[PDB]
$ cat final36.cif   # mmCIF, C-alpha atoms
data_protein
loop_
_atom_site.label_atom_id
_atom_site.label_comp_id
_atom_site.auth_asym_id
_atom_site.auth_seq_id
_atom_site.Cartn_x
_atom_site.Cartn_y
_atom_site.Cartn_z
CA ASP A 18 0.00 0.00 0.00
CA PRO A 19 2.44 2.67 -1.27
CA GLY A 20 1.77 6.07 0.28
CA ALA A 21 -0.93 4.50 2.45
CA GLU A 22 -3.45 5.31 -0.29
CA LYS A 23 -5.70 2.40 0.71
CA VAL A 24 -5.51 3.35 4.38
CA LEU A 25 -6.40 6.97 3.60
CA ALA A 26 -9.34 5.93 1.44
CA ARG A 27 -10.74 3.92 4.34
CA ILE A 28 -10.17 6.74 6.81
CA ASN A 29 -11.88 9.22 4.47
CA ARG A 30 -14.86 6.94 3.79
CA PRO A 31 -16.87 8.19 6.83
CA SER A 32 -18.89 11.32 6.00
CA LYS A 33 -17.76 13.05 9.18
CA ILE A 34 -14.03 12.55 8.64
CA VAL A 35 -11.74 14.34 6.18
CA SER A 36 -7.95 14.03 6.25
CA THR A 37 -6.01 17.22 5.53
CA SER A 38 -2.49 15.83 5.84
CA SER A 39 -0.66 12.64 6.68
CA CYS A 40 2.78 11.09 7.09
CA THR A 41 3.22 7.33 6.80
CA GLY A 42 6.15 7.44 9.18
CA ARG A 43 9.72 8.37 8.41
CA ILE A 44 13.38 8.01 9.25
CA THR A 45 15.31 11.25 9.41
CA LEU A 46 18.82 12.46 10.14
CA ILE A 47 18.43 15.81 11.87
CA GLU A 48 21.25 18.29 12.42
CA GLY A 49 21.52 20.34 15.60
CA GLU A 50 21.29 19.96 19.36
CA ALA A 51 17.51 19.69 19.25
CA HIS A 52 15.60 17.25 17.07
CA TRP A 53 12.14 18.52 18.04
CA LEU A 54 12.43 21.76 16.03
CA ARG A 59 16.55 20.87 10.38
CA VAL A 60 16.42 17.80 8.26
CA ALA A 61 19.71 16.69 6.74
CA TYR A 62 18.03 13.67 5.16
CA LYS A 63 14.67 11.94 5.23
CA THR A 64 13.14 8.76 3.82
CA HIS A 65 9.79 7.02 4.10
CA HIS A 66 11.51 3.69 3.39
CA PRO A 67 13.92 1.50 5.41
CA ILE A 68 17.33 3.18 5.42
CA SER A 69 20.61 1.68 4.21
CA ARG A 70 24.04 1.98 5.76
CA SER A 71 25.16 3.91 2.68
CA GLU A 72 22.44 6.54 3.12
CA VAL A 73 23.56 7.06 6.70
CA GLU A 74 27.25 7.12 5.80
CA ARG A 75 26.56 9.82 3.20
CA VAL A 76 25.17 12.11 5.90
CA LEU A 77 27.94 11.26 8.36
CA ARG A 78 30.45 12.36 5.72
CA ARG A 79 28.80 15.79 5.58
CA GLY A 80 30.44 16.69 8.89
CA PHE A 81 27.58 18.00 11.02
CA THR A 82 28.54 18.98 14.57
CA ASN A 83 25.44 17.31 16.03
CA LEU A 84 23.38 14.66 14.25
CA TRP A 85 20.36 12.60 15.32
CA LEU A 86 18.98 9.38 13.82
CA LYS A 87 15.22 9.72 14.30
CA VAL A 88 12.33 7.49 13.37
CA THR A 89 8.70 8.47 13.82
CA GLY A 90 5.57 6.45 13.20
CA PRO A 91 2.58 7.68 11.13
CA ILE A 92 0.87 10.93 12.08
CA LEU A 93 -2.48 12.12 10.76
CA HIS A 94 -4.39 15.37 10.85
CA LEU A 95 -8.06 15.29 10.34
CA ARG A 96 -11.06 17.61 10.32
CA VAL A 97 -13.90 15.86 12.11
CA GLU A 98 -17.57 16.77 12.27
CA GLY A 99 -18.74 16.46 15.87
CA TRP A 100 -17.46 15.28 19.25
CA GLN A 101 -19.24 11.90 19.03
CA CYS A 102 -17.22 10.92 15.97
CA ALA A 103 -14.03 12.49 17.37
CA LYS A 104 -14.49 10.54 20.61
CA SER A 105 -14.85 7.20 18.85
CA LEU A 106 -11.91 8.09 16.62
CA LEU A 107 -9.53 9.03 19.44
CA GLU A 108 -10.44 5.91 21.39
CA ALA A 109 -9.77 3.87 18.25
CA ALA A 110 -6.43 5.58 17.69
CA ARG A 111 -5.21 4.82 21.20
CA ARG A 112 -6.18 1.15 20.82
CA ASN A 113 -4.05 0.91 17.70
CA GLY A 114 -0.80 2.47 18.90
CA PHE A 115 -1.44 6.19 18.58
CA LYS A 116 -1.20 6.98 22.31
CA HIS A 117 -0.63 10.64 21.47
CA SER A 118 -4.02 11.63 20.01
CA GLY A 119 -6.38 14.51 20.69
CA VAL A 120 -8.26 17.58 19.50
CA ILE A 121 -5.71 20.35 18.95
CA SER A 122 -7.99 23.15 17.75
CA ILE A 123 -11.37 24.01 16.28
CA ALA A 124 -11.61 25.34 12.72
CA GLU A 125 -13.55 28.53 11.91
CA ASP A 126 -16.22 26.27 10.42
CA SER A 127 -16.46 24.57 13.84
CA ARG A 128 -15.02 21.23 12.67
CA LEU A 129 -12.65 19.65 15.17
CA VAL A 130 -9.00 19.49 14.20
CA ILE A 131 -7.63 16.16 15.40
CA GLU A 132 -4.08 14.84 15.50
CA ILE A 133 -3.34 11.11 15.51
CA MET A 134 0.30 10.39 16.40
CA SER A 135 2.14 7.06 16.66
CA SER A 136 3.64 6.03 19.99
CA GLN A 137 6.55 4.36 18.21
CA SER A 138 9.74 6.35 17.86
CA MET A 139 13.45 6.56 18.53
CA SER A 140 15.66 9.64 18.68
CA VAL A 141 19.32 8.71 18.96
CA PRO A 142 22.34 10.98 18.75
CA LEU A 143 24.81 9.68 16.16
CA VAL A 144 27.19 12.59 16.44
CA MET A 145 27.53 14.98 19.37
CA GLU A 146 29.86 17.97 19.61
CA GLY A 147 31.68 16.87 16.47
CA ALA A 148 32.25 13.37 17.82
CA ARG A 149 30.70 10.29 16.25
CA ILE A 150 29.42 8.34 19.25
CA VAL A 151 28.34 5.04 17.70
CA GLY A 152 30.73 2.31 16.58
CA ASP A 153 30.04 0.19 13.50
CA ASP A 154 28.43 -2.79 15.23
CA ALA A 155 26.14 -0.38 17.07
CA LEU A 156 25.24 1.63 13.97
CA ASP A 157 24.10 -1.52 12.16
CA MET A 158 21.86 -2.49 15.09
CA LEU A 159 20.42 1.04 15.32
CA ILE A 160 19.76 1.08 11.57
CA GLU A 161 18.04 -2.30 11.86
CA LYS A 162 16.02 -0.94 14.79
CA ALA A 163 14.97 2.21 12.94
CA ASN A 164 13.78 0.12 10.00
CA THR A 165 11.88 -2.29 12.26
CA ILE A 166 10.10 0.58 14.00
CA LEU A 167 9.26 2.23 10.68
CA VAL A 168 7.71 -0.92 9.24
CA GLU A 169 5.94 -2.09 12.39
CA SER A 170 4.53 1.35 13.18
CA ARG A 171 2.64 1.26 9.89
CA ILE A 172 0.79 -1.89 10.94
CA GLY A 173 -1.14 0.04 13.57
CA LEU A 174 -2.07 2.62 10.97
CA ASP A 175 -3.49 -0.16 8.83
CA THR A 176 -5.51 -1.77 11.63
CA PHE A 177 -6.66 1.71 12.68
CA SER A 178 -7.94 2.50 9.18
CA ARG A 179 -9.81 -0.82 9.37
CA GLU A 180 -11.41 0.21 12.68
CA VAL A 181 -12.30 3.70 11.42
CA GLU A 182 -14.55 2.41 8.62
CA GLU A 183 -16.55 0.67 11.34
CA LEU A 184 -17.00 3.75 13.55
CA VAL A 185 -20.78 4.16 13.46
CA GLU A 186 -20.78 7.61 15.04
CA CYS A 187 -18.74 8.88 12.08
CA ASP B 18 10.95 24.78 42.91
CA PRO B 19 11.07 21.13 44.09
CA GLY B 20 8.21 19.08 42.67
CA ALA B 21 7.11 22.10 40.63
CA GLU B 22 4.87 23.11 43.52
CA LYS B 23 5.07 26.80 42.60
CA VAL B 24 4.36 26.05 38.95
CA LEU B 25 1.34 23.93 39.86
CA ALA B 26 -0.03 26.61 42.17
CA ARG B 27 0.09 29.11 39.32
CA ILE B 28 -1.51 26.68 36.88
CA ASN B 29 -4.29 25.92 39.38
CA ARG B 30 -4.95 29.58 40.18
CA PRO B 31 -7.46 30.07 37.30
CA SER B 32 -10.99 29.06 38.33
CA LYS B 33 -11.50 27.08 35.12
CA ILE B 34 -8.35 24.96 35.42
CA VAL B 35 -7.70 22.04 37.78
CA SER B 36 -4.68 19.76 37.48
CA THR B 37 -5.32 16.07 38.15
CA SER B 38 -1.80 14.77 37.60
CA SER B 39 1.65 15.95 36.58
CA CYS B 40 5.20 14.82 35.92
CA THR B 41 8.05 17.33 36.10
CA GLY B 42 10.01 15.35 33.54
CA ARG B 43 12.10 12.26 34.13
CA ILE B 44 15.01 10.11 33.05
CA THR B 45 14.28 6.41 32.85
CA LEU B 46 16.03 3.19 31.94
CA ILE B 47 13.41 0.99 30.31
CA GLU B 48 13.82 -2.73 29.65
CA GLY B 49 12.46 -4.36 26.51
CA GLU B 50 12.31 -3.84 22.76
CA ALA B 51 9.70 -1.12 23.10
CA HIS B 52 10.03 1.92 25.33
CA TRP B 53 6.56 3.31 24.60
CA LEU B 54 4.73 0.65 26.66
CA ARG B 59 8.73 -1.56 32.03
CA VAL B 60 10.81 0.76 34.08
CA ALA B 61 14.09 -0.64 35.37
CA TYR B 62 14.94 2.69 36.99
CA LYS B 63 13.59 6.23 37.08
CA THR B 64 14.66 9.59 38.50
CA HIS B 65 13.31 13.12 38.39
CA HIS B 66 16.84 14.44 38.92
CA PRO B 67 19.98 14.51 36.70
CA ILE B 68 21.39 10.99 36.53
CA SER B 69 24.90 9.90 37.50
CA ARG B 70 27.16 7.42 35.75
CA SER B 71 26.90 5.17 38.80
CA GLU B 72 23.09 5.03 38.59
CA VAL B 73 23.36 3.97 34.96
CA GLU B 74 26.12 1.46 35.64
CA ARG B 75 23.96 -0.16 38.34
CA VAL B 76 21.24 -0.87 35.78
CA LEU B 77 23.72 -2.03 33.14
CA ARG B 78 25.01 -4.59 35.64
CA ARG B 79 21.51 -6.05 35.96
CA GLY B 80 21.93 -7.74 32.58
CA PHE B 81 18.80 -6.75 30.66
CA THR B 82 18.65 -8.04 27.08
CA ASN B 83 17.37 -4.70 25.77
CA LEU B 84 17.71 -1.39 27.61
CA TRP B 85 16.78 2.18 26.68
CA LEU B 86 17.98 5.46 28.19
CA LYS B 87 14.93 7.72 27.94
CA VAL B 88 14.33 11.29 28.99
CA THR B 89 10.94 12.99 28.79
CA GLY B 90 10.00 16.56 29.55
CA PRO B 91 7.09 17.59 31.83
CA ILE B 92 3.59 16.33 31.05
CA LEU B 93 0.39 17.64 32.60
CA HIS B 94 -3.20 16.49 32.70
CA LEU B 95 -5.85 18.98 33.43
CA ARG B 96 -9.62 19.25 33.69
CA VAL B 97 -10.68 22.49 32.03
CA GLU B 98 -14.02 24.26 32.11
CA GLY B 99 -14.90 25.35 28.58
CA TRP B 100 -13.37 25.45 25.10
CA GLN B 101 -12.43 29.16 25.36
CA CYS B 102 -10.09 28.48 28.27
CA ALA B 103 -8.85 25.21 26.72
CA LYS B 104 -8.09 27.05 23.47
CA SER B 105 -6.02 29.74 25.17
CA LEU B 106 -4.29 27.06 27.23
CA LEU B 107 -3.32 24.84 24.30
CA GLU B 108 -2.03 27.82 22.33
CA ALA B 109 0.01 28.82 25.37
CA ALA B 110 1.39 25.30 25.78
CA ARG B 111 2.59 25.14 22.18
CA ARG B 112 4.33 28.52 22.53
CA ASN B 113 6.27 27.20 25.51
CA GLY B 114 7.57 23.91 24.15
CA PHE B 115 4.64 21.55 24.60
CA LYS B 116 4.07 20.88 20.88
CA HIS B 117 2.10 17.77 21.77
CA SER B 118 -0.99 19.24 23.45
CA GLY B 119 -4.70 18.69 22.98
CA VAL B 120 -8.07 17.62 24.36
CA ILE B 121 -7.99 13.85 24.82
CA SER B 122 -11.48 13.25 26.21
CA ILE B 123 -14.48 14.82 27.90
CA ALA B 124 -15.33 13.91 31.50
CA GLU B 125 -18.84 12.81 32.50
CA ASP B 126 -19.24 16.24 34.10
CA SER B 127 -18.49 17.74 30.66
CA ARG B 128 -15.13 19.25 31.66
CA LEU B 129 -12.46 18.90 28.99
CA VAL B 130 -9.58 16.57 29.74
CA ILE B 131 -6.41 18.16 28.38
CA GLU B 132 -2.90 16.79 28.03
CA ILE B 133 0.13 19.08 27.89
CA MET B 134 3.27 17.21 26.76
CA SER B 135 6.83 18.47 26.32
CA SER B 136 8.44 18.32 22.88
CA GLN B 137 11.82 17.58 24.44
CA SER B 138 12.89 13.97 24.64
CA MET B 139 15.46 11.36 23.75
CA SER B 140 15.05 7.59 23.54
CA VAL B 141 18.37 5.85 23.02
CA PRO B 142 19.12 2.14 23.10
CA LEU B 143 21.97 1.41 25.51
CA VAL B 144 21.78 -2.34 25.16
CA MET B 145 20.27 -4.28 22.26
CA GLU B 146 19.99 -8.05 21.95
CA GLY B 147 22.27 -8.52 24.94
CA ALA B 148 24.95 -6.26 23.49
CA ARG B 149 25.94 -2.97 25.08
CA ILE B 150 26.10 -0.59 22.11
CA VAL B 151 27.60 2.56 23.65
CA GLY B 152 31.26 2.97 24.56
CA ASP B 153 32.35 4.94 27.63
CA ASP B 154 33.03 8.28 25.92
CA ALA B 155 29.61 8.05 24.29
CA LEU B 156 27.79 7.07 27.48
CA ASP B 157 29.15 10.14 29.28
CA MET B 158 27.95 12.42 26.47
CA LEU B 159 24.51 10.76 26.42
CA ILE B 160 24.23 11.08 30.20
CA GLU B 161 25.18 14.75 29.94
CA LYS B 162 22.60 15.15 27.16
CA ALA B 163 19.83 13.46 29.14
CA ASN B 164 20.52 15.74 32.10
CA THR B 165 20.57 18.86 29.91
CA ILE B 166 17.23 17.94 28.34
CA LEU B 167 15.70 17.19 31.74
CA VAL B 168 16.74 20.54 33.20
CA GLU B 169 16.02 22.67 30.14
CA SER B 170 12.62 21.06 29.52
CA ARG B 171 11.48 22.31 32.91
CA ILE B 172 12.13 25.91 31.90
CA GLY B 173 9.26 25.82 29.43
CA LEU B 174 7.00 24.45 32.15
CA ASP B 175 7.93 27.43 34.31
CA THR B 176 7.33 30.03 31.60
CA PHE B 177 4.10 28.23 30.69
CA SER B 178 2.83 28.41 34.29
CA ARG B 179 3.64 32.13 34.13
CA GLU B 180 1.57 32.52 30.95
CA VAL B 181 -1.35 30.47 32.34
CA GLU B 182 -1.99 32.87 35.24
CA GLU B 183 -2.49 35.56 32.61
CA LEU B 184 -5.00 33.61 30.50
CA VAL B 185 -8.08 35.83 30.83
CA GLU B 186 -10.47 33.29 29.33
CA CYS B 187 -9.62 30.92 32.20
#
$ encode --input "final36.cif" --output "structure tokens"
Amino acid sequence: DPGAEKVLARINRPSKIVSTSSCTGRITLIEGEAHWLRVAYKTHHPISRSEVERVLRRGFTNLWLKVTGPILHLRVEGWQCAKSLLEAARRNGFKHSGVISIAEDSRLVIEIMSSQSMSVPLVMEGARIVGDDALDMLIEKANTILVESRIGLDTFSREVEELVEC
Amino acid sequence: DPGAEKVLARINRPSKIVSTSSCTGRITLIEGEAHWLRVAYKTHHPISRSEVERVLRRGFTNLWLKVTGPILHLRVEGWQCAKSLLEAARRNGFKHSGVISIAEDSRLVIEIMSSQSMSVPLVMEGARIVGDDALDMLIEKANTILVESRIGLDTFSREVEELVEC
């Protein structure tokens, strides 16, 4: 399901739900002391050692290897649908989900965010802090999280189509 | 401000806001492949090398060094106060903030969560993956994040007292 097109179709099926933006999950290499806000490199696919080595060769003073699961933003009509949606999200791995604002047209703006993630410093203060054996395990871990975090998005989309209140 | 007692007093001053639970931010060593849900060790203070070494000696197959900024749960009376509160949270470093549910008494249940964090594997598949120079930098980083993440909570509490709508 490239781009999660099938998942998004299911999520958009309900008349009271409309997705405005989505991210299927990604692996990024972020430069700087803080990774929570830029992006030296990003990919929505499992990352290779070569891709990581290319960024390490760029000589950033501080570099993070970060993987984040899917995150969705929706416009929902009514609290009854939003309620069922948030409960569904939390059951499928999106622990971090809630209403963030209310649009001028009164629709609820909801954010569905995956609980799966990893934010690991690869380089700190100009010093690479991960040896080769470690880097391979971290790369394998980032890829595992990326792939597995999408499963919950799929099951969630399955659940959403069934939400009667929506 | 031990325990953030002053911060909590300010946040609870408004008649339309009541905190039900809070965490001033913490550093934890979590066992297992997933760190997002247990806790091998936790501390709300900067961590020492000795504290970390004690857990490493326990021989966990998988171990994460995790630091999370402050997180608050509040019961808020009305969307006008909740709106001003969420906007205030986001301005002070709590990017992850929203209404998660609505209590039976109709008050809004809000979650304010810090954007600062780090989740780094220390041991994976029985193998310690961080050398000594690296561990010291990671420990220093975890402590920096813990301390700095509390600043936003303080400024936020300052802002909250001023929220007219609350």
$ resolve_selection --input "final36.cif" --expression "the PyMOL selection byres ((chain A) within 9 of (chain B))" --output "MDAnalysis selection string"
chainID A and resid 51:54 104 107:108 116:123 131:132 136:142 145 148:152 154:156 158:159
$ closest_residue --input "final36.cif" --among "B:99, B:19, B:147, B:91" --to "residue 170 (chain B)" --atoms "all atoms listed in the file"
B:91
$ resolve_selection --input "final36.cif" --expression "the PyMOL selection byres ((chain A and resi 48) around 9)" --output "list in words"
residues 46, 47, 49, 50, 51, 52, 59, 60, 61, 81, 82, 83, 84 and 85 of chain A
$ residues_around --input "final36.cif" --residues "region 171-181 of chain A" --least-positions-apart "4" --cutoff "12 Å" --atoms "all atoms listed in the file" --output "ChimeraX atom specification"
/A:18-36,39-43,65-66,89-93,102-116,133-138,164-167,185-187
$ atom_distance --input "final36.cif" --atom1 "CA of residue 38 (chain B)" --atom2 "CA of residue 97 (chain B)"
13.0 Å
$ atom_distance --input "final36.cif" --atom1 "CA of residue 160 (chain B)" --atom2 "CA of residue 78 (chain B)"
16.6 Å
$ atom_distance --input "final36.cif" --atom1 "CA of residue 163 (chain A)" --atom2 "CA of residue 72 (chain A)"
13.1 Å
$ closest_residue --input "final36.cif" --among "B:98, B:183, B:126, B:157" --to "residue 69 (chain B)" --atoms "only C-alpha atoms"
B:157
$ closest_residue --input "final36.cif" --among "B:129, B:73, B:168, B:68" --to "residue 94 (chain B)" --atoms "all atoms listed in the file"
B:129
$ axis_aligned_box --input "final36.cif" --around "region 110-118 of chain A" --padding-each-side "8 Å" --output "AutoDock Vina command-line options"
--center_x -3.5 --center_y 6.3 --center_z 20.0 --size_x 21.8 --size_y 26.7 --size_z 20.6
$ decode --input "final36.cif" --residues "region 114-150 of chain B" --atoms "N, CA and C atoms" --output "PDB file, in the first residue's frame"
ATOM      1  N   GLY B 114       6.911  25.194  24.289  1.00  0.00           N
ATOM      2  CA  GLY B 114       7.571  23.906  24.149  1.00  0.00           C
ATOM      3  C   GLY B 114       6.770  22.629  24.305  1.00  0.00           C
ATOM      4  N   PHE B 115       5.461  22.740  24.481  1.00  0.00           N
ATOM      5  CA  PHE B 115       4.640  21.552  24.599  1.00  0.00           C
ATOM      6  C   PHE B 115       3.842  21.358  23.329  1.00  0.00           C
ATOM      7  N   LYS B 116       4.592  21.078  22.233  1.00  0.00           N
ATOM      8  CA  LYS B 116       4.067  20.885  20.882  1.00  0.00           C
ATOM      9  C   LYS B 116       2.920  19.866  20.845  1.00  0.00           C
ATOM     10  N   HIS B 117       3.075  18.849  21.714  1.00  0.00           N
ATOM     11  CA  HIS B 117       2.099  17.766  21.770  1.00  0.00           C
ATOM     12  C   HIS B 117       1.009  18.033  22.814  1.00  0.00           C
ATOM     13  N   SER B 118       0.042  18.884  22.494  1.00  0.00           N
ATOM     14  CA  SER B 118      -0.991  19.242  23.453  1.00  0.00           C
ATOM     15  C   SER B 118      -2.368  19.273  22.811  1.00  0.00           C
ATOM     16  N   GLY B 119      -3.346  18.689  23.495  1.00  0.00           N
ATOM     17  CA  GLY B 119      -4.703  18.686  22.979  1.00  0.00           C
ATOM     18  C   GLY B 119      -5.729  18.138  23.954  1.00  0.00           C
ATOM     19  N   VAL B 120      -6.990  18.150  23.538  1.00  0.00           N
ATOM     20  CA  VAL B 120      -8.073  17.622  24.357  1.00  0.00           C
ATOM     21  C   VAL B 120      -8.129  16.135  24.029  1.00  0.00           C
ATOM     22  N   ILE B 121      -7.984  15.287  25.043  1.00  0.00           N
ATOM     23  CA  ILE B 121      -7.992  13.849  24.816  1.00  0.00           C
ATOM     24  C   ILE B 121      -9.335  13.176  25.070  1.00  0.00           C
ATOM     25  N   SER B 122     -10.160  13.792  25.908  1.00  0.00           N
ATOM     26  CA  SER B 122     -11.478  13.246  26.209  1.00  0.00           C
ATOM     27  C   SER B 122     -12.321  14.278  26.938  1.00  0.00           C
ATOM     28  N   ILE B 123     -13.576  13.930  27.194  1.00  0.00           N
ATOM     29  CA  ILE B 123     -14.477  14.822  27.905  1.00  0.00           C
ATOM     30  C   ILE B 123     -15.076  14.064  29.082  1.00  0.00           C
ATOM     31  N   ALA B 124     -14.825  14.554  30.293  1.00  0.00           N
ATOM     32  CA  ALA B 124     -15.331  13.911  31.505  1.00  0.00           C
ATOM     33  C   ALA B 124     -16.859  13.841  31.540  1.00  0.00           C
ATOM     34  N   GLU B 125     -17.390  12.967  32.392  1.00  0.00           N
ATOM     35  CA  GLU B 125     -18.838  12.807  32.504  1.00  0.00           C
ATOM     36  C   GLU B 125     -19.508  14.120  32.918  1.00  0.00           C
ATOM     37  N   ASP B 126     -18.743  14.932  33.676  1.00  0.00           N
ATOM     38  CA  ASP B 126     -19.240  16.235  34.095  1.00  0.00           C
ATOM     39  C   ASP B 126     -18.953  17.325  33.046  1.00  0.00           C
ATOM     40  N   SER B 127     -18.645  16.852  31.817  1.00  0.00           N
ATOM     41  CA  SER B 127     -18.489  17.742  30.655  1.00  0.00           C
ATOM     42  C   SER B 127     -17.185  18.557  30.674  1.00  0.00           C
ATOM     43  N   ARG B 128     -16.364  18.485  31.711  1.00  0.00           N
ATOM     44  CA  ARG B 128     -15.126  19.245  31.663  1.00  0.00           C
ATOM     45  C   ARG B 128     -14.200  18.588  30.652  1.00  0.00           C
ATOM     46  N   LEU B 129     -13.384  19.400  29.991  1.00  0.00           N
ATOM     47  CA  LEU B 129     -12.460  18.903  28.988  1.00  0.00           C
ATOM     48  C   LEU B 129     -11.215  18.347  29.656  1.00  0.00           C
ATOM     49  N   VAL B 130     -10.775  17.186  29.192  1.00  0.00           N
ATOM     50  CA  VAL B 130      -9.576  16.573  29.735  1.00  0.00           C
ATOM     51  C   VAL B 130      -8.461  16.897  28.759  1.00  0.00           C
ATOM     52  N   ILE B 131      -7.526  17.723  29.210  1.00  0.00           N
ATOM     53  CA  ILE B 131      -6.415  18.161  28.378  1.00  0.00           C
ATOM     54  C   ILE B 131      -5.071  17.575  28.783  1.00  0.00           C
ATOM     55  N   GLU B 132      -4.234  17.319  27.786  1.00  0.00           N
ATOM     56  CA  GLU B 132      -2.902  16.786  28.027  1.00  0.00           C
ATOM     57  C   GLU B 132      -1.883  17.755  27.452  1.00  0.00           C
ATOM     58  N   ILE B 133      -0.937  18.165  28.291  1.00  0.00           N
ATOM     59  CA  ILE B 133       0.128  19.078  27.893  1.00  0.00           C
ATOM     60  C   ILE B 133       1.415  18.254  27.955  1.00  0.00           C
ATOM     61  N   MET B 134       2.052  18.025  26.808  1.00  0.00           N
ATOM     62  CA  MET B 134       3.267  17.208  26.764  1.00  0.00           C
ATOM     63  C   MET B 134       4.457  17.888  26.099  1.00  0.00           C
ATOM     64  N   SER B 135       5.597  17.844  26.782  1.00  0.00           N
ATOM     65  CA  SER B 135       6.832  18.470  26.321  1.00  0.00           C
ATOM     66  C   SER B 135       7.328  17.885  24.994  1.00  0.00           C
ATOM     67  N   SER B 136       7.887  18.776  24.150  1.00  0.00           N
ATOM     68  CA  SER B 136       8.438  18.320  22.879  1.00  0.00           C
ATOM     69  C   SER B 136       9.866  17.777  23.035  1.00  0.00           C
ATOM     70  N   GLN B 137      10.453  18.046  24.216  1.00  0.00           N
ATOM     71  CA  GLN B 137      11.820  17.584  24.438  1.00  0.00           C
ATOM     72  C   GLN B 137      11.863  16.133  24.930  1.00  0.00           C
ATOM     73  N   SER B 138      12.727  15.363  24.282  1.00  0.00           N
ATOM     74  CA  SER B 138      12.889  13.967  24.644  1.00  0.00           C
ATOM     75  C   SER B 138      14.051  13.339  23.911  1.00  0.00           C
ATOM     76  N   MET B 139      14.398  12.142  24.360  1.00  0.00           N
ATOM     77  CA  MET B 139      15.458  11.357  23.752  1.00  0.00           C
ATOM     78  C   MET B 139      15.187   9.924  24.177  1.00  0.00           C
ATOM     79  N   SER B 140      15.275   8.997  23.234  1.00  0.00           N
ATOM     80  CA  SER B 140      15.051   7.593  23.540  1.00  0.00           C
ATOM     81  C   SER B 140      16.176   6.876  22.831  1.00  0.00           C
ATOM     82  N   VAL B 141      17.200   6.508  23.593  1.00  0.00           N
ATOM     83  CA  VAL B 141      18.367   5.854  23.024  1.00  0.00           C
ATOM     84  C   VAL B 141      18.628   4.458  23.557  1.00  0.00           C
ATOM     85  N   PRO B 142      18.817   3.488  22.654  1.00  0.00           N
ATOM     86  CA  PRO B 142      19.118   2.140  23.098  1.00  0.00           C
ATOM     87  C   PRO B 142      20.536   2.121  23.683  1.00  0.00           C
ATOM     88  N   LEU B 143      20.644   1.565  24.907  1.00  0.00           N
ATOM     89  CA  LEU B 143      21.970   1.412  25.508  1.00  0.00           C
ATOM     90  C   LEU B 143      22.470  -0.010  25.289  1.00  0.00           C
ATOM     91  N   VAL B 144      21.510  -0.945  25.413  1.00  0.00           N
ATOM     92  CA  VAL B 144      21.784  -2.339  25.155  1.00  0.00           C
ATOM     93  C   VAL B 144      20.742  -2.911  24.198  1.00  0.00           C
ATOM     94  N   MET B 145      21.192  -3.675  23.212  1.00  0.00           N
ATOM     95  CA  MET B 145      20.271  -4.280  22.259  1.00  0.00           C
ATOM     96  C   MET B 145      20.690  -5.723  22.013  1.00  0.00           C
ATOM     97  N   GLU B 146      19.737  -6.637  22.154  1.00  0.00           N
ATOM     98  CA  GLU B 146      19.994  -8.054  21.950  1.00  0.00           C
ATOM     99  C   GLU B 146      21.196  -8.525  22.765  1.00  0.00           C
ATOM    100  N   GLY B 147      21.208  -8.131  24.034  1.00  0.00           N
ATOM    101  CA  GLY B 147      22.273  -8.517  24.943  1.00  0.00           C
ATOM    102  C   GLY B 147      23.600  -7.812  24.757  1.00  0.00           C
ATOM    103  N   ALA B 148      23.700  -6.963  23.743  1.00  0.00           N
ATOM    104  CA  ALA B 148      24.950  -6.263  23.490  1.00  0.00           C
ATOM    105  C   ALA B 148      24.905  -4.788  23.860  1.00  0.00           C
ATOM    106  N   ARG B 149      25.854  -4.367  24.690  1.00  0.00           N
ATOM    107  CA  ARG B 149      25.941  -2.967  25.078  1.00  0.00           C
ATOM    108  C   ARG B 149      26.449  -2.277  23.819  1.00  0.00           C
ATOM    109  N   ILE B 150      25.721  -1.274  23.342  1.00  0.00           N
ATOM    110  CA  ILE B 150      26.105  -0.592  22.114  1.00  0.00           C
ATOM    111  C   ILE B 150      26.714   0.805  22.240  1.00  0.00           C
TER     112      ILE B 150
END
